[PDB]
């Protein structure tokens, strides 16, 4: 009661939000790359410097940002992905909070450069000050968007303390990129670190062979044990791969990539199902190696549980679990 109930300053309120969604450089990358995916992007180039604590440049060939919408794009609670409660209960895109851009820009130097197909001129935008004021200016840029985030946490001393080493932090970026490359085989992704190309995942065309990118990501060992899954029931569909438990090593058990409607996710439920399927098949229980994709009606899953979409809750919980269990158990036989 000594201090008055007061509205938080624009920038500080955003940093608090940034703390719950922007953990480290890998997190900045996840969000910006997911924006590119939503923008219809087909080629995404990521350039990192000093593990991303120095620079994070993400360029995409997505639809781009309108000039008169550059500022809105950097505003809080501003999004083009949903406009009602209905749209929310049926999320069909990675983003929907309209919080990512303003959050990251409040703890770094974020520059947004974009051009839509209907524009001859390209534009650049960024927020500054205690109030996060936006300024828009000319710039040369092809159709699409380039995000440039510099000096992550340069203005949040405390959080900068938690940054690991260049190598470690970049390693996390690499793993996140790896996860996204597996969610969208149809998307070409290039990753560079300190001027050198670390990796490049070329797109897998219509009905093309996925195994190729699969092996390039998870390794050849995994590809040899990988058992393709195709299990469906109405609006529940399980696809992807599961390696034979009898032939899974601790090294392979590192590959436990799971997706819900194309969104990377680590859900205790799904994981429990897949494992039970391997415990009841094989003799003992152990860590399985997999890359499963669960497609489901967006009304049966709630993704508004974590500010970073790290968790989900299935309405019909038991059903979903039994579904994945059978699916996996079906292939192990």
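Residue numbers count along the first chain shown, from 1.
In this crystal structure, the stretch out of 88-96 and 125-133 whose C-alpha atoms carry the higher mean B factor is 125-133.
Annotation for 24-32 versus 294-302: the higher mean temperature factor (C-alpha) is found in 294-302.
The residue among 153, 231, 259, 170 whose C-alpha atom has the highest B-factor in the PDB entry is 231.
Comparing C-alpha B-factors across 64, 51, 288, 40 in the deposited entry, the largest value falls on 288. Per the deposited record, the Cα B-factor of residue 313 falls in the middle third when ranked against the other modelled residues of its chain. In the PDB entry, residue 102 places in the lowest third of its chain by CA B-factor. Ranked against the other modelled residues of its chain, the C-alpha B-factor of residue 165 as given in the entry falls in the highest third. Residue 279: CA B factor in the highest third of modelled residues in this chain (values from the PDB entry). Sort the chain's modelled residues by C-alpha temperature factor and residue 247 lands in the highest third, per the entry.
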